[PDB]
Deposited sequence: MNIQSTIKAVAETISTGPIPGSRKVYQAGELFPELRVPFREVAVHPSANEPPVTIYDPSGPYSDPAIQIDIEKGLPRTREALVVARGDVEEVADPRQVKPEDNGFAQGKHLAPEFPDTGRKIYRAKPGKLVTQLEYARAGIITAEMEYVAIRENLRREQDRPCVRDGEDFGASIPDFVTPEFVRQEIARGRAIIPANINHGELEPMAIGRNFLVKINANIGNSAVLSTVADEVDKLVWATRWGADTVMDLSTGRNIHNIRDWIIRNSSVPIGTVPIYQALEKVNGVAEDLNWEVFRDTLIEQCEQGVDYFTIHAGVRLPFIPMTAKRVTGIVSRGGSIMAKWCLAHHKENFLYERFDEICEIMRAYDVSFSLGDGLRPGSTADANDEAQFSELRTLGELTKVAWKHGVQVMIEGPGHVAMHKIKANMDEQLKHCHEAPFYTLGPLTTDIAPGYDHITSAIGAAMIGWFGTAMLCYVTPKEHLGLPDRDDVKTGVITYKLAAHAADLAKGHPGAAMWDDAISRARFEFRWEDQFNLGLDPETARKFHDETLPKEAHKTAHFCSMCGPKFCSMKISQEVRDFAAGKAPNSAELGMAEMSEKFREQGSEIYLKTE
């Protein structure tokens, strides 16, 4: 029913930075009955200000730009002389920034110059869940050669970003952002999709993030998509991502043939100034790969992959995203937008998993990653897809090898195709396992996958399903914070403290009702 206010059974708490004393990193805290002699349980919370009583929400003003000052203080950016140009959002009060000529701006660039930034301390704090460094947490799990710290320091965050084994998606023009980290050596994150009135649109974002969504993709097609994204980004505290191909496609009235470098370049710049934190770019869908998808059962199922194939076969030119890749990096690094190197060749049936085509694009994404790093741009890689359990590890091992350990961002894997209406379940099996194997992010799947558009309850089921999938994985990896919550909830079950059981759960209201 409600989208705003405290999350039942919990209250919003902050921890302050030390390197950067003005940082206030968010958490939510669940207190248990006094008889238990237990401290309150600390839980990772991406809901942002919408679940903070102290802050009043005005979507026409947007969230407080708590991060603007920290970026400007680095003095690596300047106001943009004249920027590019459904109700219009009143964007009068916000300056639009771009890096100064020849200057460093991206999290990757700083980390490699040995600098630690506000975003990096923010994240190290966020990932520690207010645990006490002094107490030796004893480790139980299997991380398959991971490097998870007993406790996370900002310096370790700099190292990980330096070797490209983690990213902090943070467009300088997204001042509303509460920074988070994506990477194998951190807590597994999840992303939720949005898109097809304004209050209704922002609300779908508030909703996804209320239940655990770490980031959100605007997958909107059609008209007004730029103007509507204004209200979404101005009011989001999670990183926003897009597929700029969709917007470029509308600038040419929906005809793939008519795409070209110009409308694409312009769309990049609009979104960069608007605040998009990361772009999905199917730069790996190459001419010679398309023929490889003919012997498949389901063919090409990526909407971005389809668009590129349509363009390549009509012009018989090579994918212009792969050709102009360098000039794409030069734009993104001027804003600190991150790459989501997309997999237009992902398998849409378990029969097609791990075939030549998907693996050819994977190797090409690997090469592309290396190029992106030279320009100092942050990178993650997209993966499957539909994959039967027994092929899931293989997919992980290929990715760590040919993609140089960049963060992996999969959708599922769907572990079987026979349950339309239940794909959030088929995919939670694959997602849990692949997060265990080393995946950094999981794009969620709602029950209405392959069937229709998700209503607010489907979205919630999707989110909760993936939050628990991500957590199951954290437990298995032996992540130091995981077992606390598990043990906390299980003690309450044993002492019949029903109230604490509900509140310790991912979905108290539902737990309490069913009782």
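Please give the gaps, as residue ranges numbered from 1 in the deposited sequence, where no C-alpha is present. In sequence order, the gaps with no modelled C-alpha are 1 to 12, 98 to 111, 223 to 227, 547 to 612.
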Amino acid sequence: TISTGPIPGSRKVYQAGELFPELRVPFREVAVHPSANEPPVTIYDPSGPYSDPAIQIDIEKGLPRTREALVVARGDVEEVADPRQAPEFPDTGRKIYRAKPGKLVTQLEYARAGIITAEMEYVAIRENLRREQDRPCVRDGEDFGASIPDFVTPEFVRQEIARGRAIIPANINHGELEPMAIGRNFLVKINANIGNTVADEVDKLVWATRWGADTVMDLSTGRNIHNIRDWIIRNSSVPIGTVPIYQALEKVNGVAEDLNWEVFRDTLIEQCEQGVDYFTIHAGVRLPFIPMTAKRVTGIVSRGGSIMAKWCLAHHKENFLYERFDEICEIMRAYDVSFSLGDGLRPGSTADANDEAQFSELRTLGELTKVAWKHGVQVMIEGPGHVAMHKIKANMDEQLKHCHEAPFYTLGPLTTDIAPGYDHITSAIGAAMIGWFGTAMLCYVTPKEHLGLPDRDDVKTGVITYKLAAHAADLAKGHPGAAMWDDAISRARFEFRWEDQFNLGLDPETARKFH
From here on, numbers count along this sequence of modelled residues.
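Residue 91 unmodelled in at least a third of other compared entries: Yes, residue 91 lacks coordinates in at least a third of the other entries compared.
Would you determine, from the values in the PDB entry, which of 210 to 218 and 252 to 260 has the greater average C-alpha temperature factor? The stretch with the larger mean CA B-factor is 252 to 260.
Between 441 to 449 and 324 to 332 (mean CA B-factor, as deposited), the higher: On average, C-alpha B-factors are higher across 324 to 332.
Just grab whichever of 38, 29, 458, 52 has the top CA B-factor as deposited. Highest CA B-factor of the listed options: 38.
Member of 430, 383, 90, 366 with the greatest C-alpha B factor (per the PDB record): By C-alpha B-factor in the record, 90 ranks first.
Which third, lowest, middle or highest, does the CA B-factor of residue 57 fall in along this chain? It belongs to the highest third of the chain when residues are ordered by C-alpha B-factor.
Please say which third, lowest, middle or highest, residue 232 falls into when its CA temperature factor is compared across its chain. For residue 232, the deposited C-alpha B-factor lands in the middle third.
Going by the CA temperature factor in the PDB record, which third of the chain does residue 471 belong to: lowest, middle or highest? For residue 471, whose C-alpha B-factor we compare with every modelled residue in the chain, the answer is the lowest third.
Please place residue 132 in the lowest, middle or highest third of its chain according to the CA B-factor in the PDB entry. Top third by C-alpha B-factor.
Is residue 185 in the lowest, middle or highest third of its chain when residues are ranked by C-alpha B-factor? Its C-alpha B-factor belongs to the middle third of this chain's values.
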